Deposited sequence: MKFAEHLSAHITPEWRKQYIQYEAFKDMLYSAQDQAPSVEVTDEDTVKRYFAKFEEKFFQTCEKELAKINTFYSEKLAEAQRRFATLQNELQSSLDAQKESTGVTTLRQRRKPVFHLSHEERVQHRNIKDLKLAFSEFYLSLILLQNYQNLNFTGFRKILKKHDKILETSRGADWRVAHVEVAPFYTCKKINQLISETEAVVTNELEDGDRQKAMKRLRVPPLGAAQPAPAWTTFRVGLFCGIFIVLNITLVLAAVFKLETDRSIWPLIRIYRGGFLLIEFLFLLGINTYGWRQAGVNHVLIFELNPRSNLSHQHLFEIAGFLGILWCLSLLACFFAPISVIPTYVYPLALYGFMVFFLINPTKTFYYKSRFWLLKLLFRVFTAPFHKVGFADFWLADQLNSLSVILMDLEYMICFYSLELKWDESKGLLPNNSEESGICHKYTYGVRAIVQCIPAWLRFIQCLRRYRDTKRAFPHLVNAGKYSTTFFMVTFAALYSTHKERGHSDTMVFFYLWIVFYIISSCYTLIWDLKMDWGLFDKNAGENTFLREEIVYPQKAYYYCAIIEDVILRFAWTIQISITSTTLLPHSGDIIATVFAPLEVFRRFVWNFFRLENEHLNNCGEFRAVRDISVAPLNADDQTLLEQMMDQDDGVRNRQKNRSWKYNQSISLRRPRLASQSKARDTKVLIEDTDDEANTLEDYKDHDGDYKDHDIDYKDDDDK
């Protein structure tokens, strides 16, 4: 940990703190709130979730290093080349600085003659320009590794599945708001935002892309079964993600039929609720029994846990075992609403509230998934 790295982490943290306080003060005072600020939130939500995700990844790396979780071999990373938690903190802080500057610029855009709607385009553009940059300048090894992993995950079950592929696929599974906001921005720029007015706020296509983080993980499990000849450990989760498929399909059908007004809509409404049950159990039980490795009968002196515990405090587990549940249902509803458009009111706000909560659920999922992989070696990755 170089001293300049810690200085940069602290610098970006302080700048981000003061800029966020300035942002909330400007929103309270300088924001008119009479020009549909919701598209602004729906555009910046992807960046906010990404920055939160990177910061929580830094926390996860610190937790693994302190708790003895040898994630270096698990991720198949080079032992002499790793991105320590301070680097993730620095990247998150820098991206947060850019995000806050963009938001502040958008709030009082008359600061410059450039239109109010050109700030996010730069930010995400800069974001993309930070991800793809051939010059070996800013974490070139890390960005190139991430690009290889992104290509391997996103394409198809054409590559042998290692730990990094599955893990990033799951991270994208818990971060679908990024893809949904990408589609929303594309629709905004294609149908609205005439480009003539300086106001960037203004006075079934989503359903299929909603399943992309799940389609990339269902075919991955199918490929794993094909290459491993083990029906249970892969086909059960294949069905688990098929439950997400069915949930999204029935949400879309229910929304369309409610718009059509047919009585059969009510039937489909029931057809939604039941799936909202099974998914919220299928994604829950499979997560608590064989994903984390808890509720084991051979719990020994412990309760609801396993006999090999490496975290300093046992209560940390139990909160999660509750917290995950409290958030798991909170995830399953979200996946529906953004793909349903059922609620003209109180839908977008609740999705925006729940999205960082689901990112937090995925953050706490890593803490125990990597612990289980370190000890149990679950998943057959060696």
### Message
I have the full deposited sequence and the modelled structure. Can you tell me which residue ranges, counted from 1, have no C-alpha coordinates?
### Response
1 to 228, 432 to 445, 625 to 720
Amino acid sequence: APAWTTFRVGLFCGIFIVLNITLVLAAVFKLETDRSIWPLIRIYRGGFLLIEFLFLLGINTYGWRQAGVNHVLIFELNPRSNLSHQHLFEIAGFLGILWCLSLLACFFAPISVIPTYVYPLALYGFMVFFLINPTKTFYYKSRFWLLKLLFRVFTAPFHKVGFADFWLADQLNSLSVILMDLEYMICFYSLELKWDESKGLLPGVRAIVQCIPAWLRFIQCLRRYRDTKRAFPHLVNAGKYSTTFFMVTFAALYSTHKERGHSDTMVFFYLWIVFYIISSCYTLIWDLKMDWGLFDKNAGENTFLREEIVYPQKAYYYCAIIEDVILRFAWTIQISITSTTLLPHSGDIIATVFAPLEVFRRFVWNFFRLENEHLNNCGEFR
From here on, numbers count along this sequence of modelled residues.
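Rigid core: the largest C-alpha set superposing within 1.5 Å between the two forms.
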### Summary
Between 37 to 45 and 54 to 62, the one drifting more in C-alpha RMS in 7 other deposited structures of this protein once the core is aligned is 37 to 45
### Summary
After superposing on the rigid core, the stretch whose C-alphas lie farther from this form in 7 other deposited structures of this protein, comparing 318 to 326 with 333 to 341, is 333 to 341
#### Entry: Missing-residue flag, residue 203, threshold a third of other entries
yes
